[PDB]
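Report on the following structure.
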Amino acid sequence: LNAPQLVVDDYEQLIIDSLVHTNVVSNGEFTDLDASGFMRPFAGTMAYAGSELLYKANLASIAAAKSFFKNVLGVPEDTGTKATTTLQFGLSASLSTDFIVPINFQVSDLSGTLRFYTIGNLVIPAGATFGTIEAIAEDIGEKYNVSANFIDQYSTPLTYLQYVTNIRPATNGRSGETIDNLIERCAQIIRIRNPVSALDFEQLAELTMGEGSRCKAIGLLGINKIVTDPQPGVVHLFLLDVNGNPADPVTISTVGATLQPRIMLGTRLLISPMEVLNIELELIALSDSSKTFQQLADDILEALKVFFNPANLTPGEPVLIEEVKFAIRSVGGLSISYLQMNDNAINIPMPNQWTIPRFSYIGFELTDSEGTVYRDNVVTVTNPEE
Amino acid sequence: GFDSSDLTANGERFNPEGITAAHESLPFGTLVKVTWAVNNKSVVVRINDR
Amino acid sequence: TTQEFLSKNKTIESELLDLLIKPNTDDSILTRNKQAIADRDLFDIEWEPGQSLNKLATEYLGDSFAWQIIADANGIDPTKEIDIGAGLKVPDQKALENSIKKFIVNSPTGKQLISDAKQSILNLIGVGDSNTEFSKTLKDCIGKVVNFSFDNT
Amino acid sequence: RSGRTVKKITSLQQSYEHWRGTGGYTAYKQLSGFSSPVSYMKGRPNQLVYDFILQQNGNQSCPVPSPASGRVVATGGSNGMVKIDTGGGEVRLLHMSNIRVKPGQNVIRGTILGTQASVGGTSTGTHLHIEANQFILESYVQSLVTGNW
């Protein structure tokens, strides 16, 4: 966190300050104040120990805070999350007996460097030539997050087994959470008792939903979803599942069952799926030639995907063109000349309080000093009708 | 009543927009060319349901 | 569409999330000095003029930097003045836990520290594991990892 | 086309332009022998863009031969995407499943880049989206019909 600094331990600063203070104390008898002079060995020897000790002395407050967060709260340390996907095992022919794809069945891509393992045993019933099961990455890290139809090779040639694929893109593969999200999660645990605010409801619902979900809580909103008619004793929840889509009714029911023993007796809880607004971007920018046009394109792509992450977005809040331009420019090596959002350069208001943005198309027009204008169109949604 | 909630005899969710067909006696995965005599147009379907 | 949900009393899907705050006294700045030694290995001495923790560490323990062991044994601030004729507890060198650093000299990283050698790569408690209930119970009592036989017979 | 019915063609001359996709990156220009307006991308008249379905013996899950020779620079994506750097322009293909080519690989005209639709029912139906210049598309259609590559 942001613990205030107790003392100075910059190695060089300690040497210089030691020479200056020795001159001050001696009353001018000590005149060797050169930081690189003949007194450098003595002052440097002292400053080595001084720095290595004061560095640890400066950690007292943060150590106390972390001890509080670790012992009394007992928050778990996130080593990293392995990416998980949903495989699909097809057989060669319709068998007369049940077929089993064993647990820990290794699958990979064409390269063979990315390897997943089945979560459990997969039982394809007799007559069916088909089954589906979840799989987990071999190791943690964000490089196991792969797109759909990317895992197709299985190393062990099991009999009667014809093919394997993944119907979902592998997601939620991480190499460790951030400090700020850890702090926020610690604080919410301190305050979640008896959900009473929009925040409490939103954090509780998306805590029970999973990592990568979104909640929006609105008070006094009936099933007609009309703000001008407020009904006291009503809480409306809008959900976006872990996959980033509006919530499956099964997820709706699960969240409702989880939150039922926690709502105030007599009040009414309403839960409905969220809405998504498609954002179409057009960028005209000037590059400094420090990167190739493809490098700038993919850098801006990842920057926007981080920016338009539902975890980074607040439902119902407008998308500001200045914020998007800052996010794009933060990539570096370019100058933004013009940005259009949905055929306009103005801020976009969301249709209602529960609509989250999702950006789908980005049009690149990147000129450079030489004069080569790189123009490109990129769709980001999974549109099969492109 | 055949929607994406029904399960084919193959074991996959019925896709109404898919190029598939149900045959009474063919093994699943068999590729059948179906030619419509009106326009002499042929499409290959995969037998998955029964 | 959307469904209404009315206050329940007990539902299992909240029962999973109910447990959230788990106080666990594990490694941290305060849980360092959790083990104390009784008087079976301590020395009840008096504080005399000219005494210091450095002198007690040098005499009784033989190491100048061992004074923390004395301080940890008494729960006192060394920078705060000890009255003359006050009873201090000095640990004896004969009955002490050796503070020798344990290493694995052959590691994928070459050399590395270990504190217990049970949460390290040297734990073979899961090697060759057959998830049958029988093997787990024998792991718990004696720690039998490998089976000495596998005969058909 | 999304609105019109699908129709068998023998050349780029007989076709219809495809829709304005996900932000209207398509503009329409009139050419010499095309029986319909020609669709191209924003700022790139050269690079035309089209959506059509491949078939072989009535099968829409047939392999997709490469329309141009060059170097593969990108595979995968949200959609099934294959990008080829031909040295003077880029050829892009969308809605291709079970990619057989890797980034950095060298492919020639007619190389099997993948499958139009995967066997394991990954939405089990789609068309082929292709962005390339006029000559590459015309020669691609001619090679698909005649079989000479």
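Naming scheme: A, B, ... for chains in displayed order of the structure tokens; residues 1 onward per chain; ligands 1 onward as shown.
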Could you tell me which residues of chain D sit within 9 Å of chain A when counting only C-alpha atoms, and give me the result as a JSON list (two decimals) with N, CA, C and O atoms, in the first residue's frame?
```
[["chain", "number", "residue", "atom", "x", "y", "z"],
["D", 2, "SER", "N", -27.32, -11.58, -46.51],
["D", 2, "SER", "CA", -28.22, -11.75, -45.37],
["D", 2, "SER", "C", -29.68, -11.70, -45.79],
["D", 2, "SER", "O", -30.50, -12.50, -45.32],
["D", 19, "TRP", "N", -23.34, -7.20, -46.62],
["D", 19, "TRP", "CA", -23.89, -6.14, -45.79],
["D", 19, "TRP", "C", -22.80, -5.23, -45.24],
["D", 19, "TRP", "O", -21.60, -5.46, -45.42],
["D", 20, "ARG", "N", -23.24, -4.17, -44.56],
["D", 20, "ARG", "CA", -22.34, -3.27, -43.84],
["D", 20, "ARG", "C", -22.07, -3.87, -42.46],
["D", 20, "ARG", "O", -22.90, -3.77, -41.55],
["D", 21, "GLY", "N", -20.91, -4.50, -42.31],
["D", 21, "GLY", "CA", -20.63, -5.34, -41.16],
["D", 21, "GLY", "C", -20.13, -4.55, -39.96],
["D", 21, "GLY", "O", -19.13, -3.83, -40.05],
["D", 22, "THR", "N", -20.84, -4.70, -38.85],
["D", 22, "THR", "CA", -20.39, -4.29, -37.51],
["D", 22, "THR", "C", -19.69, -2.93, -37.53],
["D", 22, "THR", "O", -18.51, -2.80, -37.20],
["D", 23, "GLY", "N", -20.45, -1.92, -37.93],
["D", 23, "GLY", "CA", -19.92, -0.57, -38.03],
["D", 23, "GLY", "C", -19.86, -0.02, -39.44],
["D", 23, "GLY", "O", -19.36, 1.10, -39.62],
["D", 25, "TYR", "N", -18.07, -0.88, -42.28],
["D", 25, "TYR", "CA", -16.77, -0.68, -42.91],
["D", 25, "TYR", "C", -16.83, -0.84, -44.43],
["D", 25, "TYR", "O", -15.80, -0.63, -45.09],
["D", 41, "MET", "N", -13.61, -2.21, -48.50],
["D", 41, "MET", "CA", -13.44, -1.68, -47.15],
["D", 41, "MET", "C", -13.20, -0.18, -47.07],
["D", 41, "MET", "O", -12.88, 0.46, -48.07],
["D", 42, "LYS", "N", -13.33, 0.37, -45.87],
["D", 42, "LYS", "CA", -13.19, 1.82, -45.70],
["D", 42, "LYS", "C", -11.79, 2.31, -45.97],
["D", 42, "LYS", "O", -10.85, 1.98, -45.24],
["D", 43, "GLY", "N", -11.63, 3.11, -47.02],
["D", 43, "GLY", "CA", -10.33, 3.67, -47.33],
["D", 43, "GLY", "C", -9.51, 2.79, -48.25],
["D", 43, "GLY", "O", -8.43, 3.19, -48.70],
["D", 44, "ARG", "N", -10.00, 1.59, -48.54],
["D", 44, "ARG", "CA", -9.28, 0.67, -49.41],
["D", 44, "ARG", "C", -10.18, 0.16, -50.53],
["D", 44, "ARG", "O", -10.81, -0.89, -50.39],
["D", 51, "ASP", "N", -18.74, -12.25, -48.86],
["D", 51, "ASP", "CA", -19.17, -13.37, -48.03],
["D", 51, "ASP", "C", -19.83, -14.40, -48.94],
["D", 51, "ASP", "O", -20.89, -14.13, -49.51],
["D", 76, "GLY", "N", -6.63, -17.57, -35.79],
["D", 76, "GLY", "CA", -7.50, -17.58, -34.63],
["D", 76, "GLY", "C", -8.34, -16.31, -34.53],
["D", 76, "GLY", "O", -8.90, -15.83, -35.51],
["D", 77, "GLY", "N", -8.40, -15.76, -33.32],
["D", 77, "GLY", "CA", -9.23, -14.61, -33.04],
["D", 77, "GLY", "C", -10.60, -14.99, -32.52],
["D", 77, "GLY", "O", -10.94, -16.16, -32.33],
["D", 78, "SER", "N", -11.41, -13.95, -32.27],
["D", 78, "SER", "CA", -12.78, -14.18, -31.82],
["D", 78, "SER", "C", -13.56, -14.98, -32.85],
["D", 78, "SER", "O", -14.22, -15.98, -32.51],
["D", 79, "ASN", "N", -13.50, -14.57, -34.11],
["D", 79, "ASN", "CA", -13.98, -15.39, -35.21],
["D", 79, "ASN", "C", -12.83, -16.27, -35.71],
["D", 79, "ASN", "O", -11.69, -16.16, -35.26],
["D", 80, "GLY", "N", -13.15, -17.16, -36.65],
["D", 80, "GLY", "CA", -12.10, -17.98, -37.22],
["D", 80, "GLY", "C", -11.37, -17.21, -38.30],
["D", 80, "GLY", "O", -11.86, -17.11, -39.43],
["D", 94, "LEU", "N", -12.35, -15.03, -42.72],
["D", 94, "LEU", "CA", -13.11, -15.08, -41.48],
["D", 94, "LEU", "C", -14.13, -16.21, -41.56],
["D", 94, "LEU", "O", -14.64, -16.55, -42.63],
["D", 95, "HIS", "N", -14.45, -16.74, -40.37],
["D", 95, "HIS", "CA", -15.34, -17.89, -40.20],
["D", 95, "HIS", "C", -14.73, -19.16, -40.81],
["D", 95, "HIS", "O", -15.36, -19.89, -41.57],
["D", 97, "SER", "N", -12.85, -22.67, -39.46],
["D", 97, "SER", "CA", -12.69, -23.50, -38.27],
["D", 97, "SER", "C", -11.69, -24.61, -38.54],
["D", 97, "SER", "O", -11.48, -25.03, -39.68],
["D", 98, "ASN", "N", -11.07, -25.08, -37.45],
["D", 98, "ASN", "CA", -10.03, -26.11, -37.51],
["D", 98, "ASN", "C", -8.88, -25.67, -38.41],
["D", 98, "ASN", "O", -8.60, -26.25, -39.46],
["D", 99, "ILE", "N", -8.21, -24.60, -37.97],
["D", 99, "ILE", "CA", -7.11, -24.03, -38.74],
["D", 99, "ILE", "C", -5.96, -25.03, -38.80],
["D", 99, "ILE", "O", -5.54, -25.58, -37.78],
["D", 100, "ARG", "N", -5.45, -25.26, -40.01],
["D", 100, "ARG", "CA", -4.33, -26.17, -40.22],
["D", 100, "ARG", "C", -3.00, -25.45, -40.38],
["D", 100, "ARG", "O", -1.95, -26.11, -40.37],
["D", 102, "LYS", "N", -0.16, -22.38, -39.23],
["D", 102, "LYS", "CA", 0.40, -21.67, -38.09],
["D", 102, "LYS", "C", 0.90, -20.29, -38.52],
["D", 102, "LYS", "O", 1.24, -20.08, -39.69],
["D", 118, "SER", "N", -16.51, -26.80, -38.45],
["D", 118, "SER", "CA", -15.92, -27.91, -37.71],
["D", 118, "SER", "C", -16.91, -29.06, -37.58],
["D", 118, "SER", "O", -18.13, -28.89, -37.67],
["D", 119, "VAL", "N", -16.36, -30.25, -37.35],
["D", 119, "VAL", "CA", -17.19, -31.44, -37.20],
["D", 119, "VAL", "C", -17.95, -31.42, -35.88],
["D", 119, "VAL", "O", -19.09, -31.89, -35.81],
["D", 120, "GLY", "N", -17.35, -30.88, -34.82],
["D", 120, "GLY", "CA", -17.95, -30.96, -33.50],
["D", 120, "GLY", "C", -18.99, -29.89, -33.20],
["D", 120, "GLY", "O", -19.13, -29.47, -32.05],
["D", 121, "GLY", "N", -19.72, -29.47, -34.22],
["D", 121, "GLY", "CA", -20.85, -28.58, -34.05],
["D", 121, "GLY", "C", -20.56, -27.25, -33.38],
["D", 121, "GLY", "O", -21.29, -26.83, -32.48],
["D", 122, "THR", "N", -19.49, -26.57, -33.80],
["D", 122, "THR", "CA", -19.19, -25.23, -33.32],
["D", 122, "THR", "C", -20.07, -24.23, -34.07],
["D", 122, "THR", "O", -19.67, -23.58, -35.04],
["D", 123, "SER", "N", -21.32, -24.15, -33.61],
["D", 123, "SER", "CA", -22.42, -23.44, -34.27],
["D", 123, "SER", "C", -22.83, -24.10, -35.59],
["D", 123, "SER", "O", -23.78, -23.66, -36.24],
["D", 125, "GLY", "N", -22.68, -24.21, -38.56],
["D", 125, "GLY", "CA", -23.08, -23.60, -39.81],
["D", 125, "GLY", "C", -22.65, -22.15, -39.95],
["D", 125, "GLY", "O", -22.87, -21.35, -39.04],
["D", 126, "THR", "N", -22.06, -21.81, -41.09],
["D", 126, "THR", "CA", -21.58, -20.46, -41.36],
["D", 126, "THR", "C", -21.17, -20.36, -42.82],
["D", 126, "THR", "O", -21.18, -21.35, -43.55],
["D", 127, "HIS", "N", -20.81, -19.15, -43.23],
["D", 127, "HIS", "CA", -20.28, -18.88, -44.55],
["D", 127, "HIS", "C", -18.79, -18.55, -44.44],
["D", 127, "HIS", "O", -18.19, -18.65, -43.37],
["D", 129, "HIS", "N", -15.95, -15.55, -45.11],
["D", 129, "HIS", "CA", -15.74, -14.12, -45.31],
["D", 129, "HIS", "C", -14.33, -13.91, -45.84],
["D", 129, "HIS", "O", -13.37, -14.46, -45.28]]
```
Could you pull the residues within 9 Å of residue 88 of chain C, counting only C-alpha atoms, minus those fewer than 5 positions along the same chain, as number ranges by chain? C: 43-47, 70, 73-74
Write the selection just made, keeping N, CA, C and O atoms, as a CSV table (one decimal), in the first residue's frame?
```
chain,number,residue,atom,x,y,z
C,43,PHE,N,17.4,-19.7,32.9
C,43,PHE,CA,18.2,-19.4,34.1
C,43,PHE,C,17.7,-18.1,34.8
C,43,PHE,O,17.8,-17.0,34.2
C,44,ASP,N,17.2,-18.3,36.0
C,44,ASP,CA,16.8,-17.1,36.8
C,44,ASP,C,18.0,-16.4,37.4
C,44,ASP,O,18.6,-16.8,38.3
C,45,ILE,N,18.3,-15.2,36.7
C,45,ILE,CA,19.4,-14.4,37.2
C,45,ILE,C,19.0,-13.1,37.7
C,45,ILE,O,17.8,-12.7,37.5
C,46,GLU,N,19.8,-12.3,38.4
C,46,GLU,CA,19.5,-11.0,38.8
C,46,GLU,C,20.2,-9.9,38.0
C,46,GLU,O,21.3,-10.2,37.4
C,47,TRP,N,19.7,-8.7,37.9
C,47,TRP,CA,20.3,-7.6,37.2
C,47,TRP,C,21.2,-6.9,38.1
C,47,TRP,O,20.7,-6.3,39.1
C,70,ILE,N,17.7,-14.0,24.4
C,70,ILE,CA,17.4,-13.6,25.8
C,70,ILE,C,16.2,-12.7,25.8
C,70,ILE,O,15.3,-12.9,26.6
C,73,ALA,N,13.0,-14.3,25.4
C,73,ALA,CA,12.7,-15.1,26.6
C,73,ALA,C,12.1,-14.3,27.7
C,73,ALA,O,11.5,-14.9,28.6
C,74,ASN,N,12.2,-13.0,27.7
C,74,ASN,CA,11.7,-12.2,28.7
C,74,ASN,C,10.6,-11.2,28.3
C,74,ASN,O,9.9,-10.6,29.2
```
With only C-alpha atoms considered, list every residue of chain B at most 6 Å from chain A, as a list in words. residues 9, 10 and 11 of chain B
Those residues you just picked out, can you put them in a file as a compact mmCIF listing (two decimals), in the first residue's frame with N, CA, C and O atoms?
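The file below, out-v1.txt, is the result:
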```txt
# COMPACT_ATOMS: atom_id res chain seq x y z
N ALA B 9 -30.10 -38.14 -30.70
CA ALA B 9 -29.67 -39.47 -30.32
C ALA B 9 -28.14 -39.55 -30.34
O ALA B 9 -27.56 -40.47 -29.77
N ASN B 10 -27.49 -38.58 -30.98
CA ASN B 10 -26.03 -38.53 -30.99
C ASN B 10 -25.53 -38.13 -29.63
O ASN B 10 -24.52 -38.62 -29.17
N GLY B 11 -26.23 -37.21 -28.98
CA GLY B 11 -25.82 -36.75 -27.67
C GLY B 11 -25.45 -35.29 -27.69
O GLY B 11 -24.85 -34.79 -26.74
```
Excluding same-chain residues fewer than 4 positions from residue 114 of chain C, what lies within 8 Å of it counting only C-alpha atoms, as number ranges by chain? C: 101-104, 120
At most 9 Å to chain D: residues in chain B, only C-alpha atoms, as a ChimeraX atom specification: /B:12,15,17-20,31,33-35,41-45
May I ask for the distance between atom CA of residue 144 of chain A and atom CA of residue 107 of chain A, given in Å to one decimal place?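 For atom CA of residue 144 of chain A relative to atom CA of residue 107 of chain A, the distance reads 12.6 Å.
Proximity to chain C was assessed for A:114, A:270, A:255, A:313 counting only C-alpha atoms; the smallest distance is recorded for A:270.
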